[PDB]
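Letter by letter, the sequence shown follows residues 4 to 140, 148 to 198, 201 to 226 of the UniProt record's numbering.
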Amino acid sequence: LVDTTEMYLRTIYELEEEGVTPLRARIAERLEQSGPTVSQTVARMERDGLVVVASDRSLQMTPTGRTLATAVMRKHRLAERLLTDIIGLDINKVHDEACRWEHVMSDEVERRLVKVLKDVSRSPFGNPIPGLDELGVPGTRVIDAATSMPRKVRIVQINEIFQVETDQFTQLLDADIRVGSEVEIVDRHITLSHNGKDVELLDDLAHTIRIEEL
Ligand SMILES: [Zn+2]
């Protein structure tokens, strides 16, 4: 989704990167949007809790806004690597194309690109590709990762230390499902199978076990 908000956020990120103070006017200039439009948009983002306007009037991304800004720059740069490395688009066109693709590239495509690209260190233009750690290239909660259709996946964390109920502990041990294991999930209650042993989980386990997509 080509968010106006994702464009303001990546712009702030970009200026910061250049060592420029993210003032509203520089942002207006960079986005070729009038001062009145940027105030409008910034006022909105503030309500969304994505940016605060500092004492010196500069814009400061909140942790949630920074995270989203980083995700966008990551997508932008992965798209550029894709564009030059595989597609072979004219180098002179690459940045403008990626500016559009950054809004519609999913996290899944990005994981694939980290896999097929020979190097995701920098963009073709000399800047490091950020947010790779957060892309996961800990993990998605089983509750969010399982679906009506089973699929294998990797166990990242069992989080038993956070468990109040422990009667499922030995099931996991018997089904040889530990951290770093490749099991198969599915929504139905959620049941993660492995070692030929299906393990149906209770709310608490499903809400705390994290699995990295295979
Ligand atoms: Zn670019």
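Here a beta-carbon is modelled for each residue, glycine too, at the ideal position from N, C-alpha and C.
**Report entry** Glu9 burial status per 10 Å Cβ neighbour count (16 or more: buried)
**Finding:** buried
**Report entry** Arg80 Cβ short of 8 Å to ligand 1 heavy atom set
**Finding:** Yes.
Query raised in the report: For the candidate residues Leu18, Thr40, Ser205 and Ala101, whose alpha-carbon lies nearest to that of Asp184?
Result: The alpha carbon of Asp184 has as its nearest neighbour, out of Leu18, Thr40, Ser205 and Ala101, the alpha carbon of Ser205.
Query raised in the report: Does ligand 1 have even one heavy atom less than 8 Å from the beta-carbon of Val123?
Result: no
Query raised in the report: Which runs of the alpha helix (DSSP H), 4 residues or longer, sit entirely within the segment 27 to 52?
Result: 27 to 34 and 38 to 50
Query raised in the report: So what's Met64 in DSSP terms, helix, strand or just coil?
Result: Reduced to three states, the DSSP call for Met64 is strand.
Query raised in the report: Any heavy atom of ligand 1 within a distance shorter than 8 Å of the CB on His98?
Result: yes
Query raised in the report: Which stretch, first to last residue, makes up the alpha helix (DSSP H) that contains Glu19?
Result: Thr7 to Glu21
Query raised in the report: If you drop the 5 nearest sequence neighbours on each side, which residues of the same chain put their C-beta closer than 7 Å to that of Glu19?
Result: For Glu19, where only same-chain residues beyond five positions count, the Cβ hits under 7 Å are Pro25.
Query - Opposing strand residues paired with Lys209 [DSSP bridges] - result: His206
Query raised in the report: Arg164 by DSSP, collapsed to three states: which one?
Result: strand
Query raised in the report: Near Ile94, which residues of its chain fall below 8 Å by C-beta distance, leaving aside the five closest residues on each side in sequence?
Result: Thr87 and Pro127
Requested in this report: Identify, in the order they occur along the chain, each residue of the same chain with its Cβ nearer than 6 Å to the Cβ of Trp104, setting aside the five sequence neighbours on each side.
Outcome: Same-chain partners within the cutoff: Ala82.
Query raised in the report: Roughly how many angstroms lie between the CA atoms of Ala74 and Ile221, to the nearest whole one?
Result: So the alpha carbons of these two residues sit roughly 24 Å apart.
Query raised in the report: Mind checking whether the beta-carbon of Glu111 lies closer than 8 Å to any heavy atom of ligand 1?
Result: no
Requested in this report: Pick out whichever of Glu32, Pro39 and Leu62 has its Cα sitting closest to the Cα of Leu12.
Outcome: With respect to the C-alpha of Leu12, the residue from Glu32, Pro39 and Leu62 having the closest C-alpha is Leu62.
Report task. Look at the Cβ atom of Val163, then the Cβ atom of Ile195, and state whether they are nearer than 9 Å. Result -> yes
Query raised in the report: How many Å lie between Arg161 and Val112 at the Cα?
Result: Rounded to whole angstroms, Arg161 to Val112 spans 18 Å at the Cα level.
Query raised in the report: Alpha carbon to alpha carbon, what distance is there between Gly139 and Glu225?
Result: For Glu225 and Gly139, the distance between alpha carbons rounds to 9 Å.
Query raised in the report: Expressed to the nearest angstrom, what Euclidean distance is found between the alpha-carbon atoms of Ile223 and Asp216?
Result: A straight-line Cα-Cα distance of about 15 Å links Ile223 and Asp216.
Query raised in the report: In chain order, what residues of the same chain have a beta carbon less than 8 Å from the beta carbon of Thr7, not counting five sequence neighbours either side?
Result: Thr44
**Report entry** Beta carbon of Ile153 nearer than 9 Å to that of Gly68
**Finding:** no
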